[PDB]
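Everything below concerns the one structure shown next.
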Amino acid sequence: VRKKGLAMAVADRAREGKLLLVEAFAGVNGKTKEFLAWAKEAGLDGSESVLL
Amino acid sequence: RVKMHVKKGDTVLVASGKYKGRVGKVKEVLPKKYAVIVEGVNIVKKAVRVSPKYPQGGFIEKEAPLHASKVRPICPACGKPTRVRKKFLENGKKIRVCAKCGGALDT
Amino acid sequence: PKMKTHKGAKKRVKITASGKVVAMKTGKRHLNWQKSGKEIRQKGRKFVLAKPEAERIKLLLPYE
RNA sequence: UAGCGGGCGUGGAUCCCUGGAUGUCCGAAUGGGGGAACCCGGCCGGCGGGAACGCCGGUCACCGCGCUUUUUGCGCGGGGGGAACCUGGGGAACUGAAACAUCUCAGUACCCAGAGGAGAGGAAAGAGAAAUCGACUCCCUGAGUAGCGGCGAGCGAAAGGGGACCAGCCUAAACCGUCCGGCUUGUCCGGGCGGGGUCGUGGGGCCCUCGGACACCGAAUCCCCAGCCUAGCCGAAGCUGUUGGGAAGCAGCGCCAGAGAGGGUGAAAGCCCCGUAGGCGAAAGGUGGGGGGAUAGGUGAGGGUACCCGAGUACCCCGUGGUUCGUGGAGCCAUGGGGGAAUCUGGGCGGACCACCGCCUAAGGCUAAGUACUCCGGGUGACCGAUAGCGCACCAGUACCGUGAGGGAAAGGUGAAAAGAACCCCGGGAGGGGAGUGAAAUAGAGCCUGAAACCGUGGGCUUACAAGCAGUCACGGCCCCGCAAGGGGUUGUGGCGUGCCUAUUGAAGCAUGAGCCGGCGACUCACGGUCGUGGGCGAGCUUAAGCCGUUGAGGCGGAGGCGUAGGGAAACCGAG
RNA sequence: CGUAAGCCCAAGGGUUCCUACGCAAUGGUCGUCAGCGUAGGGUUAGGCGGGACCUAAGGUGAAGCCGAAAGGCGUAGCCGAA
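Chains as they are written, first to last, in this note's numbering: chain L, 269 to 320; chain C, 10 to 116; chain U, 6 to 69.
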């Protein structure tokens with residue numbers, strides 16, 4: 269049951285297409301800065317959300 | 010016991026409202042009730058004219074206290090926050106991208 | 006917590022694979038002598054029904 | 001918490017942290033007494049002129065263990081507390097059985113004793129049926145099964161399987177010696193010590209032969225240290241305008257982030273404050289097997305001897321308890337009276353009893369952990385909001401009540417700030433009335449927000465020839481908004497009409513409960529059932545405890561359950 | 001009234017006494033007054049009472065004797081009166 273849930277959860281998200289699977293990241297180190305810039309590079313403005 | 014806040018014993022500005030954006034004296038701190046007195050809260054207190062400590066119409070006041078966190082530090086700049094540093098011989102605590110705090114005693 | 010399941014209940018009666026409580030005919034331990042073999046032969050088994058529903062509630066946990 | 005007031009500190013104080021000193025009289029109370037917190041004495045040092053009287057210091061209780069010249073002292077320990085939890089010796093009754101004895105509640109409540117961060121338990125004279133097991137305890141499981149039972153109410157096991165932690169040891173005996181005691185001198189009767197020895201395909205002893213070592217193993221014990229808590233320290237970013245008593249809010253332009261948890265700041269902020277994540281810190285104290293050194297200690301193979309292996313014992317009877325076993329065909333476990341043995345051809349046991357076949361070594365004592373509890377320190381909450389929540393937020397184990405045991409409350413909010421009202425006025429004061437304090441005094445001092453009954457000041461309508469559950473229908477007048485036409489409040493008349501609840505065969509009842517208002521106050525939950533339903537899978541379906549993880553994150557875990565065949569009381573057969 | 005309703009003693013209550021100031025509450029009304037609030041003040045001992053004196057029923061309680069426990073009885077000794 270709940271496993272379907274897991275699957276079905278992402279499935280819906282995938283039914284929409286909001287999931288990115290980058291091998292690694294450009295903001296490698298620990299800084300809010302570089303992740304912000306990368307967030308420009310992904311277009312994740314400032315009105316979205318990250319089960320990340 | 011870890012009763013360390015902010016305001017100390019120099020001379021500084023007002024950021025409250027009654028007399029916000031003003032400045033006053035040494036600041037005579039009192040106490041753990043989070044009260045500080047530059048020159049800000051001035052009032053006019055009654056006190057019965059009883060011939061002893063009061064003339065034929067005592068009705069005078071001067072320095073009335075006011076809460077601590079309602080004031081702020083100013084350096085040769087504008088009014089920016091503080092920051093500590095060890096001199097390896099004492100304890101300095103300047104100002105946001107500025108020097109000096111309350112250690113003009115030789116600190 | 007946990008039902009007690011009645012011992013007597015199982016001890017004298019059975020619910021067949023149908024939710025049908027079936028077992029014993031009553032009345033033979035003092036009968037006899039003037040007893041026709043007709044009824045001794047009919048003292049074989051019985052059937053029971055109706056309140057036997059409540060009797061199905063009795064046994065519970067193991068069924069049986 | 002001030003106040004008459006007087007000191008105090010960067011020659012670093014209050015302050016918190018550790019260590020010591022200091023602690024008068026009670027309290028196990030301890031010199032003794034005693035109506036606890038008081039009284040009185042001996043005995044060495046001292047104090048005052050100090051023998052008269054006084055004080056101060058030291059020291060004087062019994063209990064137990066081991067010494068010591070039994071004499072006298074020293075020696076280590078004992079007494080009391082504790083919220084719950086724990087071991088043991090005592091132990092009910094209501095109530096359940098719809099009544100009551102057996103049975104039940106229940107070996108629960110309480111009484112006591114004792115041990116501690118634990119207890120108790122704990123090295124099988126066991127288990128159970130497989131030639132299978134391998135210390136004790138806790139959770140899940142088996143299982144509400146096996147049974148116990150006025151075969152009623154109901155009571156309720158162990159083996160096995162999964163996890164949890166994981167530890168195994170030492171004496172008495174035979175052999176041998178050292179001191180002491182006595183003595184029917186004797187190859188001598190006991191006490192202490194000394195090595196010796198500890199087992200179940202049997203271990204130990206003695207002689208003897210294989211060969212016995214520098215070794216092999218390593219503590220529960222003492223030390224070393226990392227670590228852990230008792231103070232702490234660091235800590236990233238803001239400014240103008242603007243309404244407003246008050247800006248943090250709204251406008252403009254940014255900044256910070258491994259930190260946008262929260263509190264506070266006169267409103268509602270990551271950047272004003274305390275913080276945050278992140279990262280450091282203890283001279284002293286405690287704590288510490290987390291990691292280390294060592295000590296006490298523990299490791300063989302064969303032949304015969306027949307020395308030893310826990311004594312009022314095992315076993316038998318009688319009278320019992322415990323186990324699920326209420327006496328049952330009734331064992332095993334422990335024990336009250338009596339009867340009364342063996343050392344391995346002794347033996348206890350696998351549920352009467354026996355043949356047999358297996359299992360285990362009793363009658364001596366110690367052992368961490370896994371579990372439990374919550375006074376206490378922290379965190380956290382689809383927890384409470386001052387009739388709720390601890391009985392109490394507040395000056396509560398306090399007032400008060402009671403002989404005593406005991407019962408046991410009521411009471412929280414001015415304001416951002418005390419700025420808490422100087423002056424005058426009436427007034428004996430009490431309290432008001434201008435002024436003045438603040439955004440607000442509609443915040444005036446048991447003062448936030450003040451609802452309901454509740455008393456009352458004024459105004460609108462109607463009431464002094466009337467018979468009534470107090471209203472409703474209509475007409476009408478009187479008083480006020482409305483442009484009109486319509487609305488509101490009141491009541492002269494007349495059409496009409498046996499309050500509410502509960503409780504009934506039936507109430508308006510002369511049945512029943514309510515003076516009025518306000519707050520509180522009554523169909524829950526956990527487990528097991530049975531049915532219906534919204535679902536996933538579906539000839540299958542699902543895991544429990546627990547391992548790992550997470551800070552509001554899931555996964556892993558198939559042990560176990562229900563399902564596939566039922567029939568018979570059973571062996572046992574089988575869609576029969 | 002005056003075998004009290006006056007006056008001593010004693011147990012009891014725990015500062016109500018005296019003095020000054022004072023009325024908002026305590027007096028079944030008042031109240032300028034008080035056993036009311038408030039502050040200063042007052043209780044002196046070798047012979048009175050009582051202990052560093054005695055025993056009474058009783059208590060206590062080394063020893064003793066006994067009880068599942070807590071405990072029960074209890075000699076000497078100690079506590080005990082107005």
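We put the CB at the ideal spot given by N, CA and C, even for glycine.
- By the 16-neighbour rule on beta-carbons within 10 angstroms, C/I46 is buried.
- Counting C-beta pairs with one atom in each stretch, the stretch 21 to 37 of chain C and the stretch 62 to 81 of chain C have three or more that are closer than 8 Å, which means they touch.
- Taking C/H76 as the centre and dropping the five residues before and after it, the same chain places the C-beta of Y43, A44 closer than 7 Å to its C-beta, in chain order.
- For U/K19, the uninterrupted beta strand (DSSP E) run begins and ends at 19 to 21, by DSSP.
- In this structure the stretch 51 to 61 of chain U lies against the stretch 13 to 29 of chain U, because at least three pairs of beta carbons, one per stretch, are closer than 8 Å.
- C/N100 and C/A86 have their C-alpha atoms spaced approximately 22 Å apart.
- Residue pairing by DSSP puts C/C107 in a beta bridge opposite C/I104.
- In this model, L/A307 and L/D313 are separated by some 7 Å (Cα to Cα).
- In the DSSP assignment, U/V26 falls within the beta strand (DSSP E) that extends over 25 to 27.
- Under DSSP, the beta-bridge partners assigned to C/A44 are C/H76.
- Ranked by Cα distance from C/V53, the options C/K95, C/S25, C/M13, C/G67 are led by C/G67.
- When the Cα atoms are used, L/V318 and C/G88 turn out to be separated by approximately 39 Å.
- Here C/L114 is exposed: its Cβ has fewer than 16 other Cβ atoms, across all protein chains shown, within 10 Å.
- Judged by DSSP in its simplified three-state form, C/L98 adopts coil rather than helix or strand.
- Between the beta-carbon of U/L64 and that of U/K9 there is about 11 Å, and that puts the pair past the 8 Å contact cut.
- Note that the C-beta distance between L/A294 and L/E309 is below 8 Å.
- In the three-state reduction of the DSSP assignment, C/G67 falls in the coil class, being assigned neither a helical nor a strand state.
- Only buried fits C/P82, as 16 or more other CB atoms lie within 10 angstroms of its CB.
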